[PDB]
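A.B. asks: opening piece of a complex, kept in its complex position:
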Amino acid sequence: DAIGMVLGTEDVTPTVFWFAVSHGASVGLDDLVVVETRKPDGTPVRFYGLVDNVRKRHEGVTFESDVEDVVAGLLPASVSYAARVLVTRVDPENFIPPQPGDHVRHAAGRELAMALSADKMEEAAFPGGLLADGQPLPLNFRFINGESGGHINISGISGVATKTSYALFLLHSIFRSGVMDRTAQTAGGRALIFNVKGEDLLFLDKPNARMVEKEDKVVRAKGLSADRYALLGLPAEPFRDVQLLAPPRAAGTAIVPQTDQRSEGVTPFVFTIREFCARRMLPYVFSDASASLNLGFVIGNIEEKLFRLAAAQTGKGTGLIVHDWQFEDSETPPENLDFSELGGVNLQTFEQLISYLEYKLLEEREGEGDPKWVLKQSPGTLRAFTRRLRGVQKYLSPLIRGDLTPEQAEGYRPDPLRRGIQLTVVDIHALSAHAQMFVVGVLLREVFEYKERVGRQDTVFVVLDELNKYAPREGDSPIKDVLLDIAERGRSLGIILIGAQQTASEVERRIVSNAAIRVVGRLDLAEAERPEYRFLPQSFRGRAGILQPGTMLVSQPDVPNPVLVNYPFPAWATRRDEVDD
């Protein structure tokens, strides 16, 4: 149990000190070490630290050109192997230096738990990954579910850092470790995740045949005792209760999902015109936050009109029936127009709904429009609102249907909170950016409203990638607003964000600032020194530039510095090729 001796040739301070590695021992860059010293009074003090600097030097060589002779042993010299320890905790809080010559050892048992502040975690610790030699890393669940800490934020080079895989692992850990019941001691968990990568998120229902092979290879290499999942205490199995939703293909009443390689088990999801109006979906059409005009007054006004109009609807249908649409000279044709038994037009398509908005705002009274709808708003602002609806109508029109019947509508409505479902996967990769931002906006706002009305209830995890897309640093959008609501109010409300981006400096400062858990994959060279990565010490930056895929640094409030960690291969399928018959 001897790894080295505290060095006296370098200063020995309570925060930082060096030690010499014993012969036959190897000290890695991230190794967690404990050294115990004796006070003059005789009472002991334990120092728990992490190695941030490791070096090897030749102590007696006068010139670098004598190195060939020195290695041979012809010239007298001694190789010196030393490490620097960054103090994280002192069991007795005495800020006195350890004596040179004190024994340094790897934290392995109770010492390792003390170093990672597992005593503060208590029953709330659950596996956040693997340490150097198969020891699990305790993650304090109370800082994920909102008791004392907020959400999770993952950063790293997209394509190189494995951000989404680590998120899915954390969901697996949270769902299968039992910490939800332990911290509850309402005690359950749900997750909503969006497939935008192809069909990668679409087979996490099935076991991954390649997991065993790849697992055993790594197991034999690093010499772990059992399978990496077994070391964390987690079953190597897929997600138990999974729902796959997809958009409704492409003037046919029949509906079947846009998915190609996975066709079995996938359910189409659609919105109705009536629900569109009733549930104030209109703002989530305007996802261009990068820079724009102030349509807030127009959107709010038309939104309220549509809501009141939807509430007045007595019919059972899914479309919206309006009685004040006349076509003295509207390009729109009276044919193909569902007409009510009361002479009202029943809007069955999104393009018809925009046509009616054009009429109320721009054609109604020889061009000045219906004053109840245009509330003194300028013609230029109205037509901006109109033209943007026209621009996205083709892309949103298949997702919003009024021609569907009530049977189909109740069946196909996307509910991330459906009973008996733990993981909802919404397949948006076939949709355009406008349909993506629309669907994400509506669904997130639906979950937020529901938790506002009822309460914390079940803790709902939202796993979102490309955070810079949805919540830019400088823009302002509705979809960014619901993510702000989730970040700032989600702890108490029970909506927890597991978000990832290539760089946190491109994400809204209030989303990133509210993540209790920060996880860093391989970081770009320039990004590591940015202000948003101050929680990584300078020691880590050079290492972080070359971190291998699968390797993350996790930082959480309980323990002061980031800890490097690895995590197993997915027990679930992430592409079509990994599914047995």
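C.D. replies: The structure has been received and is ready for your questions. Numbers count the residues shown, from 1 in each chain, chains lettered A, B, ... in the order given.
A.B. asks: from now on I want contacts and neighbour counts done on CA atoms only, so please keep to that.
C.D. replies: OK.
A.B. asks: would you agree residue A:390 is in contact with residue A:353?
C.D. replies: No. Using CA atoms under 8 Å, residue A:390 is not in contact with residue A:353; the gap is 10.3 Å.
A.B. asks: higher neighbour count, these two?
C.D. replies: residue A:353 (20 against 16; other CA atoms under 10 Å).
A.B. asks: give me the buried positions along the helix or strand where that one lies.
C.D. replies: For residue A:353, the host element (DSSP states H and E) is helix A:350-358. Using 16 or more other CA atoms under 10 Å as the test for burial, helix A:350-358 gives A:350, A:351, A:352, A:353, A:354, A:355, A:356, A:357, A:358.
A.B. asks: which residues touch that helix?
C.D. replies: A:273, A:325, A:332, A:347, A:386, A:389-390, A:393-394, A:396-397, A:400-402 (CA atoms under 8 Å, 6 or more residues apart in numbering).
A.B. asks: try stretch A:5-23
C.D. replies: By CA under 8 Å, 6+ apart, stretch A:5-23 touches A:2-4, A:27, A:80-88, A:95-104.
A.B. asks: weed out the non-buried ones from the contacts of helix A:350-358.
C.D. replies: By 16+ other CA under 10 Å, the contacts of helix A:350-358 give A:273, A:325, A:347, A:386, A:389, A:390, A:393, A:396, A:397, A:400, A:401, A:402 as buried.
A.B. asks: so the last one is in contact with residue A:321, correct?
C.D. replies: No. At 10.1 Å, residue A:402 does not count as touching residue A:321 under the criterion of CA under 8 Å.
A.B. asks: what do these two both touch?
C.D. replies: Counting by CA under 8 Å, 6+ apart, the common neighbours of residue A:402 and residue A:321 are residue A:347.
A.B. asks: so how far is stretch A:560-572 from its chain's centroid?
C.D. replies: Here stretch A:560-572 is found 15 Å from its chain centre; the criterion is CA atoms, centre = their mean, to the nearest Å.
A.B. asks: again, but for stretch A:21-34
C.D. replies: Chain-centre distance of stretch A:21-34: 34 Å, with CA atoms, centre = their mean.
A.B. asks: buried stuff in that stretch?
C.D. replies: Buried positions in stretch A:21-34, judged by neighbour count with 16+ other CA under 10 Å: A:21, A:22, A:27, A:29, A:30, A:31, A:32, A:33, A:34.
A.B. asks: stretch A:99-119 too?
C.D. replies: Of the residues in stretch A:99-119, A:99-100, A:102-108, A:111-118 count as buried by neighbour count, 16+ other CA under 10 Å.
A.B. asks: next, the residue lying farthest from the centre of chain A: secondary structure please.
C.D. replies: For chain A, the residue at maximal distance from the C-alpha centroid (CA atoms, centre = their mean) is residue A:74, at 58.3 Å. Under DSSP: H, G, I helix; E, B strand; the rest coil, residue A:74 falls in the coil class.
A.B. asks: check the one 10 residues further on too.
C.D. replies: Per three-state DSSP, the secondary structure class of residue A:84 is strand.
A.B. asks: and residue A:5, by the same measure?
C.D. replies: Residue A:5 ends up strand, using three-state DSSP.
A.B. asks: picking up where we left off before, looking at the buried residues of stretch A:21-34, which is nearest residue A:415?
C.D. replies: Comparing the buried residues of stretch A:21-34 against residue A:415 with CA to CA places residue A:30 closest, at 43.9 Å.
A.B. asks: wait, doesn't residue A:432 sit right on residue A:394?
C.D. replies: No. Applying CA under 8 Å, one finds residue A:432 not in contact with residue A:394, separated by 10.2 Å.
A.B. asks: the helices in the stretch 201-350 of chain A, which residues?
C.D. replies: A:209-222, A:228-232, A:273-278, A:296-312, A:350-358 (DSSP state H, counting those that start in this stretch).
A.B. asks: now for the shortest one, which elements pack on it?
C.D. replies: Identification of packing neighbours for helix A:228-232 by 3 or more CA pairs under 8 Å, 6 or more residues apart in numbering; DSSP states H and E yields strand A:125-130.
A.B. asks: slot chain B in:
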Amino acid sequence: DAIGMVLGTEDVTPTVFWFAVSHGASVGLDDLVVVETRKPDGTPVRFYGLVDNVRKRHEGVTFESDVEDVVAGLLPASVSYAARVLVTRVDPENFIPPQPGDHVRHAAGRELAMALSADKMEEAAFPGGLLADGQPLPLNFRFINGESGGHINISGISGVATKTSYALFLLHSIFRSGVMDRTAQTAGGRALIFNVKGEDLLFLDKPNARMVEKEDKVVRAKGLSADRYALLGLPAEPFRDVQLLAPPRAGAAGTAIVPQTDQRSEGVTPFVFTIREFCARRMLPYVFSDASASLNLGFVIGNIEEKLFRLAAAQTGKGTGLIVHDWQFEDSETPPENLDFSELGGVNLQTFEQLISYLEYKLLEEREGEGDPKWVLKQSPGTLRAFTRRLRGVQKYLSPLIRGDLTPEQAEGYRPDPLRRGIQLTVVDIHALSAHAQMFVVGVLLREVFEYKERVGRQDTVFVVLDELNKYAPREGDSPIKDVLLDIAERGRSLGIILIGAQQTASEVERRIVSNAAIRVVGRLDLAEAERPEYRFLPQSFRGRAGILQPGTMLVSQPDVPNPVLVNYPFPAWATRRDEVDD
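C.D. replies: The block that follows adds chain B to the chains above:
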């Protein structure tokens, strides 16, 4: 009883110097030391200081590889134990360098008083915690009650830093030390605290069932002569006079009023607001708490608040509801089948939705959509809808809190008054309520207390204990709740309103609120935040230490003493959880 001698190998200056720790003594990083030197004419000069750096080195080892041999005794080397002193005080204020070889000693009873400027705190000193595993650290109450100082601002990582516990400890110390009596020689103490945690602050009048074992364990470990509370001189009992207020459960359609508390069903009083009082006390501005990014609704809110205030004054009845005679529903979708009508044909608004409906009618339906001209003072239609839409959006959340249905006697009993006679501590339960209701309740109570002090004068010291200060007083937003916090910060000293506020980072809080705190306490700080400009009052030496501070461990900084002082405080004598209750 000397701990070392001034070192000549490092420069000796009046402000900063090194000393060598003598054999058999241990010198900690935050230890208070005193050194005495002698002028050539024989007069003595005393240096009171704090250690900020401490180190150990091998003096004679020529190669690092030797260490193993050197430890065995085969090679000669000596361990060099040295500490650096940051001078806080010079008692004869002669800025001369101490002479090398002078004797360094731990600060003694009287020497400790001089080092912590206790002489400046004649009798206003009260216990602020335990320092250096030793003696109580004196806190100047005159910098907390506003005679010479403002309020307290506590900062640290929520969850690990023990921020709220240190605030409650300070309250206990102020209220039991008798320092209120001493500083008097209109000299009484009151405290308002909001429970935003899950019923954590609802058991402050119950004794801590595990505070004896936990304190005892600490006493055994550090060999203290007596208990930590005993060492401070403060009794180890809970808050004596406590008021617990909670919102009403099943508020909509239920006349019976019952509090929303689940864990504690005894001694908790339900608190409700009344529609006439809402109009009379101009509480409308507090409904608009979303200052993150907002429209210029200031004129509409001001316009309606005055109209509502005048309407309340016009009421002739003693009834809680508001009576309006100018509301009609020709085409407005507000059925009157369930409504209360006055003797003179007026309508009595008993529900929050009804008040908003009346406002919607005056603003948007009164004259074929034009609206009553007196009510909308040439405000754009979009601006009126934004004001109306926000009220409808928040109506379900504030409806249980604002009731016009109750009788005057019922309302008088239920109104939440922090200044109620015979009450020293008031706890308002806000955990059940939504963020909008929470923001509305804090602003109304703070403004009512602040306004009452302005008319009456400062007859009592009201301590307002508020966590998550970034939420209520953001750095760049502008809100009514921020404005009442600003009034408390900038005018509370003379007015007697003292803010004990806590945030995870002062960087997220309004510069004026943090700048007006005379006392600054720091728990374990985030790695990034120590480098920031809001934490310049920590010397650079402290930063690396502050990154790893344990729960229970705080650095307190006050104007009388130049550098921060590391402190510990006892475990709470009051219950902070349902299981910590002692029967």
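A.B. asks: with chain B now part of the structure, what is the answer for the contacts of stretch A:5-23?
C.D. replies: A:2-4, A:27, A:80-88, A:95-104, B:53-59, B:61, B:63-65, B:67-68, B:79, B:544-545 (CA atoms under 8 Å, 6 or more residues apart in numbering or on different chains).
A.B. asks: for the residue of the stretch 451-581 of chain A found nearest chain B, what are its contacts?
C.D. replies: With CA to the nearest CA, the shortest gap between the stretch 451-581 of chain A and chain B falls at residue A:534, namely 5.2 Å. By CA under 8 Å, 6+ apart, the contact set of residue A:534 is B:527, B:528.
A.B. asks: repeat that for residue A:187.
C.D. replies: Contacts of residue A:187 by CA under 8 Å, 6+ apart are A:180, A:181, A:458.
A.B. asks: and residue A:127, by the same measure?
C.D. replies: Applying CA under 8 Å, 6+ apart, the residues contacting residue A:127 are A:136, A:137, A:138, A:139, A:173, A:177, A:232.
A.B. asks: give the contact list for the fourth one.
C.D. replies: Listed by CA under 8 Å, 6+ apart, the contact set of residue A:139 reads A:121, A:124, A:125, A:126, A:127, A:128, A:556.
A.B. asks: kindly recompute the last result at 6 Å.
C.D. replies: By CA atoms under 6 Å, 6 or more residues apart in numbering or on different chains, the contact list for residue A:139 reads A:125, A:126, A:128.
A.B. asks: likewise for the second one?
C.D. replies: Taking CA under 6 Å, 6+ apart as the contact definition, residue A:137 lies against A:127, A:128, A:129, A:130.
A.B. asks: how about the closest residue to chain B within the stretch 201-350 of chain A: what's its closest non-neighbour residue?
C.D. replies: Nearest to chain B, among the residues of the stretch 201-350 of chain A, is residue A:297, at 5.7 Å (CA to the nearest CA). Distances taken as CA to CA, 6 or more residues apart in numbering or on different chains put residue B:382 closest to residue A:297, at 5.7 Å, once the chain neighbours are dropped.
A.B. asks: now the strands for the stretch 1-150 of chain A?
C.D. replies: With strands called from DSSP state E, counting those that start in this stretch, the stretch 1-150 of chain A shows them at A:4-6, A:16-21, A:32-38, A:44-58, A:79-90, A:103-106, A:125-130, A:136-140.
A.B. asks: of the contacts of residue A:127, closest to chain B?
C.D. replies: Of all these, chain B sits closest to residue A:139, with 13.7 Å by CA to the nearest CA.
A.B. asks: so what sits opposite that closest one in the bridge?
C.D. replies: Going by DSSP bridges, residue A:139 is paired in beta bridges with residue A:126.
A.B. asks: test my guess that residue A:58 contacts residue A:79.
C.D. replies: Yes. Shown here, residue A:58 and residue A:79 form a contact pair, counting by CA atoms under 6 Å, at 4.7 Å.
A.B. asks: and the two? Which one has more around it.
C.D. replies: Between residue A:58 and residue A:79, counted using other CA atoms under 10 Å in any protein chain shown, residue A:58 has the larger neighbour count: 18 against 15.
A.B. asks: re the thing from before, so which of the contacts of residue A:127 is the most crowded?
C.D. replies: Counting by other CA under 10 Å, top hit in these: residue A:139 with 28 neighbours.
A.B. asks: identify the residues contacting stretch A:77-92?
C.D. replies: Outside stretch A:77-92, the residues within contact range by CA under 6 Å, 6+ apart are A:15-21, A:45-61, B:65, B:548.
A.B. asks: that one: how far from the chain's middle?
C.D. replies: The answer for stretch A:77-92 is 36 Å, by CA atoms, centre = their mean.
A.B. asks: which one's the longest helix in chain A?
C.D. replies: helix A:433-453 (DSSP state H).
A.B. asks: give the next helix or strand downstream of that helix.
C.D. replies: Following helix A:433-453 in sequence order, the next helix or strand is strand A:459-464 (DSSP H and E).
A.B. asks: using PDB, list the CA coordinates for the following helix or strand past that following strand.
C.D. replies: Downstream of strand A:459-464, the first helix or strand assigned by DSSP H and E is helix A:467-470. Output of helix A:467-470 as PDB, limited to C-alpha atoms (Å, rounded to 0.1, in the frame of the first residue of the first chain):
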ATOM      1  CA  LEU A 467     -28.100  23.100 -27.500                       C
ATOM      2  CA  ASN A 468     -26.700  26.100 -29.400                       C
ATOM      3  CA  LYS A 469     -29.300  25.600 -32.100                       C
ATOM      4  CA  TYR A 470     -32.300  25.700 -29.800                       C
END
